[PDB]
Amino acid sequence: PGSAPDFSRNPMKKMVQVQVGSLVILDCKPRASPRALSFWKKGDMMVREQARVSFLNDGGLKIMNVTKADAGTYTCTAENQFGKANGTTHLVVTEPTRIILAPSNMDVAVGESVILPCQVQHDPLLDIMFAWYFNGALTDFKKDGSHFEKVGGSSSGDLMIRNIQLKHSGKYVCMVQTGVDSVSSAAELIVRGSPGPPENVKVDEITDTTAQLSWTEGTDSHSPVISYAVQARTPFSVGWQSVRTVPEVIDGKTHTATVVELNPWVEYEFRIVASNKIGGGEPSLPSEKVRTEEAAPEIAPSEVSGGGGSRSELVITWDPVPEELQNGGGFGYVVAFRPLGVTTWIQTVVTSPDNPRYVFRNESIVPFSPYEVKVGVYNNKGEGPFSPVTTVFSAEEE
(Lines of atoms letter the chains of each structure in order from A and count residues from 1; the text may use other names and numbers.)
(Lines give C-alpha, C1' and ligand atoms only; values in the text may rest on other atoms or scores of the structure.)
Protein backbone atom coordinates (compact mmCIF):
# COMPACT_ATOMS: atom_id res chain seq x y z
CA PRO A 1 0.00 0.00 0.00
CA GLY A 2 1.05 3.60 0.63
CA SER A 3 -0.33 6.19 -1.79
CA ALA A 4 -1.33 9.88 -1.78
CA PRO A 5 -5.03 10.88 -2.04
CA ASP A 6 -6.41 10.00 -5.49
CA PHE A 7 -9.77 11.23 -6.81
CA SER A 8 -9.50 9.42 -10.17
CA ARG A 9 -11.48 6.39 -8.94
CA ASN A 10 -14.16 8.49 -7.24
CA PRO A 11 -14.27 11.98 -8.78
CA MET A 12 -16.48 14.66 -7.33
CA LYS A 13 -19.31 15.73 -9.65
CA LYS A 14 -18.31 18.76 -11.72
CA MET A 15 -21.63 20.51 -11.10
CA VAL A 16 -24.68 19.91 -8.88
CA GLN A 17 -28.10 21.61 -9.17
CA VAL A 18 -30.58 21.74 -6.29
CA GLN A 19 -33.89 23.48 -5.78
CA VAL A 20 -33.98 26.32 -3.26
CA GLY A 21 -34.89 24.99 0.17
CA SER A 22 -33.67 21.46 -0.59
CA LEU A 23 -30.96 19.28 0.98
CA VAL A 24 -27.52 18.83 -0.58
CA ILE A 25 -24.60 16.53 0.31
CA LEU A 26 -21.28 17.00 -1.52
CA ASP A 27 -19.23 13.81 -1.54
CA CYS A 28 -15.45 13.82 -0.96
CA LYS A 29 -14.02 10.27 -0.98
CA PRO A 30 -10.49 10.04 -2.36
CA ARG A 31 -8.44 6.86 -2.34
CA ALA A 32 -5.44 6.96 -0.01
CA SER A 33 -3.31 4.72 2.21
CA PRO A 34 -3.44 5.76 4.99
CA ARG A 35 -6.88 7.43 4.93
CA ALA A 36 -6.65 11.15 4.20
CA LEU A 37 -8.01 14.01 6.29
CA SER A 38 -10.21 16.45 4.35
CA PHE A 39 -11.44 20.02 4.64
CA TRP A 40 -13.91 22.10 2.62
CA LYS A 41 -13.67 25.62 1.29
CA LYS A 42 -16.23 27.71 -0.56
CA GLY A 43 -14.01 29.67 -2.91
CA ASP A 44 -11.13 31.10 -0.93
CA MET A 45 -13.00 30.68 2.36
CA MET A 46 -13.08 27.72 4.74
CA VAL A 47 -16.53 26.25 5.32
CA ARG A 48 -17.51 26.79 8.95
CA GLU A 49 -19.76 24.28 10.64
CA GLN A 50 -22.91 26.28 11.15
CA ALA A 51 -26.67 26.06 11.68
CA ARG A 52 -27.58 24.17 8.51
CA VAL A 53 -24.00 23.09 7.65
CA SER A 54 -22.18 20.07 9.08
CA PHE A 55 -19.25 17.73 8.44
CA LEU A 56 -20.11 14.08 7.76
CA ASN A 57 -18.04 11.03 8.77
CA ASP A 58 -17.24 10.24 5.12
CA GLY A 59 -15.76 13.69 4.53
CA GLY A 60 -18.92 14.95 2.88
CA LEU A 61 -20.56 18.33 3.32
CA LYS A 62 -24.28 18.53 4.17
CA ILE A 63 -26.18 21.81 3.62
CA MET A 64 -29.84 22.13 4.62
CA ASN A 65 -32.54 24.44 3.25
CA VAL A 66 -30.21 25.73 0.57
CA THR A 67 -30.49 29.36 -0.45
CA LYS A 68 -29.12 30.91 -3.61
CA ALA A 69 -26.58 32.42 -1.19
CA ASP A 70 -25.14 28.92 -0.71
CA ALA A 71 -24.41 28.65 -4.43
CA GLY A 72 -20.74 28.79 -5.30
CA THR A 73 -17.61 26.74 -5.80
CA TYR A 74 -16.82 24.13 -3.17
CA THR A 75 -13.38 22.47 -3.16
CA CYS A 76 -12.34 19.52 -0.97
CA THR A 77 -8.63 19.38 -0.06
CA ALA A 78 -7.39 16.02 1.28
CA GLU A 79 -3.88 15.48 2.68
CA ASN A 80 -1.75 12.37 3.28
CA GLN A 81 1.77 11.60 4.40
CA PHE A 82 2.40 11.46 0.65
CA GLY A 83 0.65 14.65 -0.46
CA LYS A 84 -2.50 16.67 -1.00
CA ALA A 85 -5.20 16.36 -3.64
CA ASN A 86 -8.16 18.56 -4.51
CA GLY A 87 -11.60 18.06 -5.97
CA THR A 88 -14.03 20.76 -7.03
CA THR A 89 -17.85 20.85 -7.25
CA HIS A 90 -19.90 23.83 -8.45
CA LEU A 91 -23.17 24.22 -6.53
CA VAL A 92 -25.98 25.85 -8.53
CA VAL A 93 -29.11 26.76 -6.54
CA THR A 94 -32.13 27.24 -8.77
CA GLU A 95 -35.63 28.56 -8.15
CA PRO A 96 -38.59 26.19 -8.47
CA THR A 97 -40.55 26.08 -11.69
CA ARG A 98 -44.06 27.30 -10.96
CA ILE A 99 -47.16 27.22 -13.17
CA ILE A 100 -48.54 30.78 -13.33
CA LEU A 101 -51.62 30.25 -15.51
CA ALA A 102 -53.18 26.83 -15.54
CA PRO A 103 -56.13 24.98 -17.10
CA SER A 104 -59.56 25.88 -15.70
CA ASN A 105 -62.23 23.33 -14.95
CA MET A 106 -65.00 23.68 -17.54
CA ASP A 107 -68.55 22.60 -18.43
CA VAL A 108 -68.88 23.50 -22.13
CA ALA A 109 -71.11 22.89 -25.15
CA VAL A 110 -69.92 21.04 -28.24
CA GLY A 111 -68.73 23.26 -31.08
CA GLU A 112 -67.15 25.76 -28.71
CA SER A 113 -63.47 26.67 -28.78
CA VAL A 114 -61.60 26.95 -25.46
CA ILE A 115 -58.05 27.59 -24.30
CA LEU A 116 -56.38 25.59 -21.53
CA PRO A 117 -53.40 27.78 -20.54
CA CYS A 118 -50.07 26.65 -19.18
CA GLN A 119 -47.68 29.54 -18.50
CA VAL A 120 -44.74 29.07 -16.18
CA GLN A 121 -42.28 31.17 -14.33
CA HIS A 122 -38.95 29.39 -14.04
CA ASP A 123 -35.35 30.10 -13.14
CA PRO A 124 -33.56 31.28 -16.32
CA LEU A 125 -30.60 28.93 -15.74
CA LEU A 126 -32.88 26.02 -16.66
CA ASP A 127 -34.80 24.81 -19.68
CA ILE A 128 -38.40 23.58 -19.59
CA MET A 129 -40.45 20.92 -21.40
CA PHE A 130 -44.24 21.06 -21.67
CA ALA A 131 -46.39 17.93 -21.77
CA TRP A 132 -50.13 17.31 -21.80
CA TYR A 133 -51.90 14.21 -20.53
CA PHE A 134 -55.47 13.26 -21.46
CA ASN A 135 -57.22 10.82 -19.08
CA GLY A 136 -53.75 9.94 -17.85
CA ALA A 137 -52.14 9.31 -21.27
CA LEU A 138 -49.29 11.37 -22.72
CA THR A 139 -50.38 13.12 -25.93
CA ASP A 140 -49.41 16.05 -28.12
CA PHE A 141 -52.90 15.93 -29.70
CA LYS A 142 -51.54 15.99 -33.26
CA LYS A 143 -53.43 12.83 -34.32
CA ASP A 144 -56.71 14.61 -33.63
CA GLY A 145 -55.71 17.66 -35.61
CA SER A 146 -58.33 20.22 -36.49
CA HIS A 147 -59.39 20.05 -32.87
CA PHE A 148 -56.13 21.00 -31.13
CA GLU A 149 -53.53 23.71 -31.59
CA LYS A 150 -50.56 24.52 -29.35
CA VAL A 151 -50.75 28.30 -29.09
CA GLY A 152 -48.63 31.08 -27.69
CA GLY A 153 -45.18 30.16 -29.01
CA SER A 154 -42.11 28.23 -27.87
CA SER A 155 -42.27 29.64 -24.34
CA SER A 156 -45.87 28.51 -23.72
CA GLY A 157 -47.74 25.26 -23.41
CA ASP A 158 -51.22 26.71 -23.94
CA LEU A 159 -53.65 24.27 -25.57
CA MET A 160 -56.52 25.44 -27.79
CA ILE A 161 -59.40 23.00 -28.27
CA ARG A 162 -61.35 23.90 -31.41
CA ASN A 163 -64.91 22.76 -32.11
CA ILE A 164 -64.92 20.58 -29.05
CA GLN A 165 -66.76 17.25 -29.20
CA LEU A 166 -68.16 14.85 -26.63
CA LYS A 167 -65.12 12.60 -27.06
CA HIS A 168 -62.94 15.44 -25.72
CA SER A 169 -64.46 15.24 -22.20
CA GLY A 170 -61.93 14.20 -19.58
CA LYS A 171 -59.09 15.10 -17.24
CA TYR A 172 -56.41 17.36 -18.78
CA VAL A 173 -52.99 17.68 -17.06
CA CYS A 174 -50.35 20.22 -18.05
CA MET A 175 -46.91 19.09 -16.85
CA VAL A 176 -43.69 21.11 -16.89
CA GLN A 177 -40.41 19.21 -16.62
CA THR A 178 -37.19 20.97 -15.58
CA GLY A 179 -34.26 18.58 -15.46
CA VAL A 180 -35.50 16.03 -12.90
CA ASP A 181 -38.04 18.47 -11.37
CA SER A 182 -41.68 18.68 -12.29
CA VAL A 183 -44.89 20.58 -11.67
CA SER A 184 -48.34 20.03 -13.12
CA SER A 185 -51.96 21.06 -12.74
CA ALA A 186 -55.06 19.15 -13.71
CA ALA A 187 -58.54 20.23 -14.76
CA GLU A 188 -61.68 18.41 -15.87
CA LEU A 189 -63.59 19.26 -19.02
CA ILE A 190 -67.15 18.03 -19.20
CA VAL A 191 -68.72 18.51 -22.63
CA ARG A 192 -72.46 18.56 -23.32
CA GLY A 193 -74.30 18.65 -26.65
CA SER A 194 -77.59 18.72 -28.52
CA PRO A 195 -79.39 15.36 -28.20
CA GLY A 196 -78.54 12.62 -30.64
CA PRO A 197 -80.98 11.96 -33.48
CA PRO A 198 -84.14 10.17 -32.36
CA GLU A 199 -84.39 6.64 -33.73
CA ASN A 200 -86.99 4.10 -34.85
CA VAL A 201 -89.40 6.66 -36.26
CA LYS A 202 -92.71 4.93 -36.85
CA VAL A 203 -95.89 6.18 -38.55
CA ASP A 204 -99.30 4.56 -38.10
CA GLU A 205 -103.01 5.40 -37.81
CA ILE A 206 -102.84 7.29 -41.11
CA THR A 207 -106.04 9.23 -41.90
CA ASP A 208 -106.79 11.75 -44.65
CA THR A 209 -105.32 14.58 -42.52
CA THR A 210 -103.59 12.95 -39.51
CA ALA A 211 -101.01 10.32 -38.57
CA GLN A 212 -99.59 8.96 -35.33
CA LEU A 213 -95.81 9.17 -34.97
CA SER A 214 -93.77 7.14 -32.49
CA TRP A 215 -90.02 7.12 -31.83
CA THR A 216 -87.34 6.17 -29.32
CA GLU A 217 -84.91 8.60 -27.70
CA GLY A 218 -81.47 8.99 -29.25
CA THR A 219 -78.04 9.09 -27.69
CA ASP A 220 -77.52 10.88 -24.40
CA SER A 221 -75.50 14.02 -25.08
CA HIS A 222 -75.30 14.49 -21.31
CA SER A 223 -78.13 16.96 -20.92
CA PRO A 224 -81.72 15.70 -20.77
CA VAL A 225 -84.25 16.15 -23.55
CA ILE A 226 -86.87 18.86 -22.97
CA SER A 227 -88.70 18.86 -26.27
CA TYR A 228 -89.45 17.02 -29.51
CA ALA A 229 -90.42 18.58 -32.84
CA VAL A 230 -91.73 17.03 -36.06
CA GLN A 231 -90.88 17.84 -39.67
CA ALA A 232 -92.15 16.40 -42.93
CA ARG A 233 -91.30 16.33 -46.61
CA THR A 234 -93.68 16.07 -49.60
CA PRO A 235 -93.32 16.57 -53.37
CA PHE A 236 -94.81 20.03 -52.79
CA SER A 237 -92.71 20.96 -49.74
CA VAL A 238 -89.48 22.86 -50.24
CA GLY A 239 -87.55 20.24 -48.31
CA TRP A 240 -88.29 19.54 -44.66
CA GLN A 241 -90.86 21.76 -42.94
CA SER A 242 -92.43 21.89 -39.50
CA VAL A 243 -95.82 20.25 -38.97
CA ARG A 244 -98.44 20.86 -36.31
CA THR A 245 -98.76 18.20 -33.61
CA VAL A 246 -101.14 17.16 -30.88
CA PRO A 247 -99.92 17.81 -28.22
CA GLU A 248 -98.93 21.27 -29.44
CA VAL A 249 -95.63 20.88 -27.59
CA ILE A 250 -94.11 17.43 -27.07
CA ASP A 251 -92.37 16.73 -23.72
CA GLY A 252 -88.92 15.26 -23.38
CA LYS A 253 -90.85 12.34 -21.83
CA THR A 254 -93.37 12.12 -24.70
CA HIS A 255 -92.41 9.73 -27.50
CA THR A 256 -95.65 9.73 -29.53
CA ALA A 257 -97.71 12.47 -31.14
CA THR A 258 -100.43 13.07 -33.69
CA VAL A 259 -99.53 15.02 -36.80
CA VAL A 260 -102.45 17.19 -37.93
CA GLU A 261 -103.48 19.37 -40.88
CA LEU A 262 -101.94 17.10 -43.50
CA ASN A 263 -103.35 17.18 -47.01
CA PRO A 264 -105.28 14.11 -48.23
CA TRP A 265 -103.66 11.92 -50.92
CA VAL A 266 -100.17 13.42 -50.51
CA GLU A 267 -96.97 11.46 -50.00
CA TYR A 268 -95.13 12.14 -46.74
CA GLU A 269 -91.98 11.35 -44.85
CA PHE A 270 -91.49 12.39 -41.26
CA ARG A 271 -88.55 13.06 -39.01
CA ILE A 272 -88.15 14.11 -35.36
CA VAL A 273 -85.71 16.58 -33.78
CA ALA A 274 -84.84 16.47 -30.09
CA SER A 275 -83.83 19.56 -28.08
CA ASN A 276 -82.22 20.11 -24.69
CA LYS A 277 -80.98 23.22 -22.89
CA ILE A 278 -77.76 22.98 -24.95
CA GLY A 279 -79.61 23.39 -28.25
CA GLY A 280 -81.59 21.74 -31.00
CA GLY A 281 -80.34 18.32 -32.06
CA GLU A 282 -79.56 16.38 -35.20
CA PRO A 283 -82.74 15.28 -37.02
CA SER A 284 -83.73 11.62 -37.07
CA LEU A 285 -83.40 9.48 -40.10
CA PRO A 286 -86.72 9.76 -42.01
CA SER A 287 -89.63 7.38 -41.47
CA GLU A 288 -90.93 5.15 -44.23
CA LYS A 289 -92.64 7.10 -46.97
CA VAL A 290 -96.41 6.84 -46.56
CA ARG A 291 -99.41 8.40 -48.27
CA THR A 292 -102.44 9.92 -46.57
CA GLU A 293 -105.94 8.58 -47.30
CA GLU A 294 -107.82 10.14 -50.18
CA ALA A 295 -111.03 12.05 -49.64
CA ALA A 296 -113.83 13.82 -51.43
CA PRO A 297 -112.77 17.31 -52.59
CA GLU A 298 -114.10 20.08 -50.42
CA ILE A 299 -113.00 23.31 -52.13
CA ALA A 300 -114.96 24.49 -55.16
CA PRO A 301 -113.13 26.82 -57.55
CA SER A 302 -112.88 30.56 -57.03
CA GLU A 303 -113.71 33.40 -59.40
CA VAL A 304 -115.97 31.53 -61.81
CA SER A 305 -116.49 33.81 -64.81
CA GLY A 306 -116.25 34.15 -68.59
CA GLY A 307 -117.84 36.03 -71.44
CA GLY A 308 -116.83 37.04 -74.93
CA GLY A 309 -115.95 34.57 -77.66
CA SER A 310 -116.87 34.28 -81.30
CA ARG A 311 -120.25 33.60 -82.97
CA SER A 312 -122.60 31.29 -80.96
CA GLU A 313 -120.13 30.80 -78.08
CA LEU A 314 -120.52 30.71 -74.31
CA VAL A 315 -117.09 31.01 -72.63
CA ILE A 316 -116.76 29.78 -69.04
CA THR A 317 -113.67 30.33 -67.00
CA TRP A 318 -112.43 29.72 -63.47
CA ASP A 319 -109.40 29.56 -61.16
CA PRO A 320 -107.65 26.19 -60.99
CA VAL A 321 -107.88 24.31 -57.71
CA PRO A 322 -104.31 23.78 -56.41
CA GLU A 323 -103.12 20.18 -56.58
CA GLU A 324 -102.81 19.79 -52.81
CA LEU A 325 -106.51 20.66 -52.40
CA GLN A 326 -107.61 18.01 -54.90
CA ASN A 327 -107.64 15.39 -52.11
CA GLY A 328 -107.53 12.38 -54.46
CA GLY A 329 -106.73 10.95 -57.87
CA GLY A 330 -108.87 11.43 -60.94
CA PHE A 331 -109.68 14.98 -59.90
CA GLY A 332 -111.88 16.91 -62.29
CA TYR A 333 -114.48 19.63 -62.69
CA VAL A 334 -118.18 19.82 -63.54
CA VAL A 335 -119.42 22.84 -65.51
CA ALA A 336 -123.13 23.58 -65.18
CA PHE A 337 -125.03 26.29 -67.03
CA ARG A 338 -128.56 27.34 -67.85
CA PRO A 339 -130.26 30.44 -69.29
CA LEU A 340 -131.28 32.94 -66.67
CA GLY A 341 -134.88 32.18 -65.82
CA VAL A 342 -134.68 28.53 -66.85
CA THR A 343 -134.55 25.93 -64.11
CA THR A 344 -132.97 22.84 -65.75
CA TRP A 345 -129.18 22.70 -65.61
CA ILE A 346 -127.05 21.32 -68.38
CA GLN A 347 -123.79 20.04 -67.06
CA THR A 348 -120.71 18.43 -68.49
CA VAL A 349 -117.92 16.62 -66.67
CA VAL A 350 -114.46 18.05 -67.33
CA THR A 351 -112.10 15.10 -67.02
CA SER A 352 -108.81 17.00 -67.22
CA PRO A 353 -108.09 19.89 -64.84
CA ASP A 354 -105.23 21.13 -67.06
CA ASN A 355 -107.09 24.18 -68.32
CA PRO A 356 -109.99 25.66 -66.32
CA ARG A 357 -111.89 26.90 -69.37
CA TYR A 358 -114.90 25.59 -71.30
CA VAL A 359 -116.41 26.87 -74.56
CA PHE A 360 -119.86 25.84 -75.77
CA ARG A 361 -120.46 26.62 -79.44
CA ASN A 362 -123.69 25.83 -81.33
CA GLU A 363 -126.92 27.44 -82.64
CA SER A 364 -128.74 26.83 -79.31
CA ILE A 365 -126.52 29.48 -77.66
CA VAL A 366 -128.39 32.79 -77.93
CA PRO A 367 -126.19 35.86 -78.67
CA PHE A 368 -125.21 38.14 -75.76
CA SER A 369 -127.62 36.50 -73.31
CA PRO A 370 -127.34 35.96 -69.54
CA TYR A 371 -126.40 32.46 -68.39
CA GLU A 372 -126.20 31.18 -64.82
CA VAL A 373 -122.99 29.23 -64.31
CA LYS A 374 -121.52 27.16 -61.52
CA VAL A 375 -118.46 24.91 -61.41
CA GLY A 376 -117.92 21.98 -59.06
CA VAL A 377 -115.21 19.46 -58.26
CA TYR A 378 -114.96 15.69 -57.88
CA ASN A 379 -112.34 12.99 -57.56
CA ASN A 380 -112.22 9.17 -57.38
CA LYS A 381 -113.67 9.15 -53.83
CA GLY A 382 -116.66 11.44 -54.21
CA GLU A 383 -118.25 14.61 -55.48
CA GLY A 384 -117.43 17.99 -54.00
CA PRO A 385 -119.32 21.25 -53.77
CA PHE A 386 -120.26 23.70 -56.51
CA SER A 387 -119.08 27.26 -56.63
CA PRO A 388 -121.72 29.90 -56.03
CA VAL A 389 -123.77 30.66 -59.13
CA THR A 390 -122.65 33.65 -61.18
CA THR A 391 -123.92 35.27 -64.39
CA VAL A 392 -121.79 35.23 -67.54
CA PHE A 393 -122.95 36.49 -70.91
CA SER A 394 -122.71 34.50 -74.10
CA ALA A 395 -120.65 36.01 -76.92
CA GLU A 396 -121.93 39.15 -78.61
CA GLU A 397 -120.64 38.13 -82.05
CA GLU A 398 -123.32 37.03 -84.53
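Position 1 is the first residue in the sequence shown; the rest follow in order.
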query	finding
Segment of higher mean CA temperature factor, 10-18 or 370-378	10-18
Comparing 90-98 with 259-267, the one whose average Cα B-factor in the PDB entry is higher	90-98
Residue with highest C-alpha B-factor in the PDB entry, from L37, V359, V334, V342	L37
Most elevated Cα B-factor in the entry, residues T67, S352, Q347, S364	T67
CA B-factor placement of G72, once the chain's modelled residues are sorted into thirds	highest
B-factor third for the C-alpha atom of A78 within its chain	highest
B-factor third for the C-alpha atom of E298 within its chain	middle
Chain thirds of CA B-factor: placement of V249	lowest
Among modelled residues of the same chain, the CA temperature factor third for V180	highest
